[PDB]
Amino acid sequence: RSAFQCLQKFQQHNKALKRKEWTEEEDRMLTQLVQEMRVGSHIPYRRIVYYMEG
DNA sequence: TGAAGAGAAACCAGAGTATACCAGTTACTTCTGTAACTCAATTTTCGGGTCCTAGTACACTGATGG
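- Looking at the entry header, you'll see cryo-EM listed as the method and 3.0 Å as the resolution.

And the structure:
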């Protein structure tokens, strides 16, 4: 196998990749981010994520 | 009085003979390039579109299950 394939399978079957549980600090971060990058009813979550960690 | 040849009327292949193609070459032309202006016809080439089928991202929906 390649190192890339092994890492790829590990990630695609990892469980600590995402955080899977919300914290109040993370909620404040999400709210501050959404209020900054809304343009209306348009909330680009793919642009928002890249400031949310995990 | 037959014998060993003498003569005679048939076939039969073959060697010149007769064709039968089949190349073997001498002049005698055109056709190049360059130049030029002309104009139209035609081609090439060339950057960009154009349409189309097939995925792709992405926010949301709609359950779903523990």
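1. Thoughts on unusual backbone geometry
Comment: phi is negative for the bulk of residues other than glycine, and the bulk of peptide bonds are trans.
Here's step 1: Of note in the backbone geometry, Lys-20 takes a positive phi value of approximately 65° without being a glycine.
Here's step 2: Looking at the element boundaries, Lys-20 is found in the loop between α1 (3-12) and α2 (24-37).
Here's step 3: Residue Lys-20 is classed as exposed on the basis of its relative accessible area of 64%.

2. Describing the protein's contact with DNA strand B
Here's step 1: Around DNA strand B, the structure places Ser-41, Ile-43, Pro-44, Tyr-45 and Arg-46.
Here's step 2: Sugar plus phosphate: this is where 100% of the atoms of DNA strand B within 4 Å of the protein reside.
Here's step 3: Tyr-45 places a polar main-chain atom, nitrogen or oxygen, 3.0 Å from a phosphate oxygen of DNA strand B.
Here's step 4: For DNA strand B, a phosphate oxygen lies 2.9 Å from a polar atom in the backbone of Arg-46.
Here's step 5: Residue composition of the surface near DNA strand B, grouped by class: 3 nonpolar, 1 polar and 1 charged.

3. As for the side chain of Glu-26
Here's step 1: Position of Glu-26 relative to the elements: it lies in helix α2.
Here's step 2: An unpaired buried charge is present at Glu-26: no salt bridge exists, and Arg-19, the closest side chain of opposite charge, is 4.0 Å distant.
Here's step 3: If sequence neighbours within four positions are ignored, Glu-26 has contacts with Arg-19, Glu-21, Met-52 and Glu-53.

4. Focus on the pattern of salt bridges
Here's step 1: Counted by the stated rule, this structure contains 1 salt bridge.
Here's step 2: For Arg-28, the salt bridge is made with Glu-25, and the minimal N-O distance between the two is 3.6 Å. With a gap of 3 residues between them, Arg-28 and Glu-25 both fall in helix α2, about one helical turn apart.
Here's step 3: Using a relative accessible area of 57% as the deciding quantity, one classes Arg-28 as exposed.

5. Some points on α2
Here's step 1: Given a rise of 1.5 Å per residue, 14 residues ought to cover 20 Å, and the 20 Å separating the end C-alpha atoms of α2 matches this to within 8%.
Here's step 2: Buried within α2 we find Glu-26, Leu-33, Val-34 and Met-37. Looking down the long axis of α2, one finds its buried residues gathered within 100° of arc, a one-sided arrangement. Facing away from the buried side of α2, by more than 90 degrees, are the exposed residues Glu-24, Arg-28, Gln-35 and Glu-36.
Here's step 3: In the core, the buried residues of α2 are packed alongside α3 (45-49).

Cut-offs and rules
- Residues numbered from 1 in each chain as written, not as in the entry; some residues may be left out.
- Chains lettered and ligands numbered in written order.
- Part of a larger assembly, values for the part shown.
- Heavy atoms only, no water.
- Helix = DSSP H or I, 4+ residues; strand = E, 2+ residues; numbered from the N terminus.
- Buried < 20%, exposed > 50% of the residue type's maximum accessible area, 1.4 Å probe, protein only.
- Near = heavy atom within 4 Å.
- Polar contact = N/O pair within 3.5 Å; in protein donor to acceptor, adjacent residues only side chain to side chain.
- Nonpolar A, V, L, I, M, F, W, Y, C, P; charged D, E, K, R; others polar.
- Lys, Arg positive; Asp, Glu negative; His and termini not counted.
- Salt bridge = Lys/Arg side-chain N within 4 Å of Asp/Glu carboxyl O.
- Contact = heavy atoms within 4.5 Å.
- Expected span 1.5 Å × (residues − 1).
- Arc of directions from axis to C-beta.

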